[PDB]
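Presented below, as structure tokens, is a lone chain in the form deposited in one PDB entry.
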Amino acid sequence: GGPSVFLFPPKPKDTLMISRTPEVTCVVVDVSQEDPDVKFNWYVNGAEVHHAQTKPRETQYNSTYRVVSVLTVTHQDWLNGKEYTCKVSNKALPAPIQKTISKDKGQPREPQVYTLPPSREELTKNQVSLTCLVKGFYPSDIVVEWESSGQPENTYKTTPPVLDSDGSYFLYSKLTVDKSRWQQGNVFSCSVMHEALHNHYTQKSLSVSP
């Protein structure tokens, strides 16, 4: 065989909100038991050591080890565009293998969010769909949630971001509720966090017309 390494960025939910600790993950996989166990190096624009913790080794049937090193990262540093490199070296490989990842390049444009009610043609069913259009943002990392009154809602789906003709991204969020629940004036809320929003968060809400 021949081990291979994958670098994984943090988590948009974990880099945008004030509750999660973001991190970069160097996954060395297909490590054979002959000449096992690896050494990482970790560079930040060509930098250094530090807070680089390697998580517990985990065995796979595949007659092999999978081992993961994790570099915790500040929110500011990741959103600035600092480039993180993990270089893996192992006696089972001819030369060390290096991987570098960063935030997606490009000027951040901000999302415009529009709440679309249900269609008058679909208002004849028992469950109807509230649409939230989130368009014109860059990069594609965003997070979208529905909330009514105060409770987060529970039966909604969000599309992947698809590259608009402009170079910005858009997506849709659909929340299906009961027509009775909609029509009673219940106020639902599409709420988004993204890099280019003021406070990294906006919320726009939608209720039935008069």
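Numbers follow the displayed sequence, beginning with 1.
Below: the form deposited with a partner chain bound, not depicted.
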property: Candidate stretches 45-53, 26-34, 66-74, 137-145, one within 4.5 Å of the partner chain in the deposited complex by heavy atom; result: 26-34
property: The partner chain contact at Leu79 in the deposited complex, heavy atom, 4.5 Å; result: no
property: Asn62, heavy atom within 4.5 angstroms of the partner chain in the deposited complex; result: yes
property: Non-hydrogen atom contact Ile101 with the partner chain in the deposited complex at 4.5 angstroms; result: no
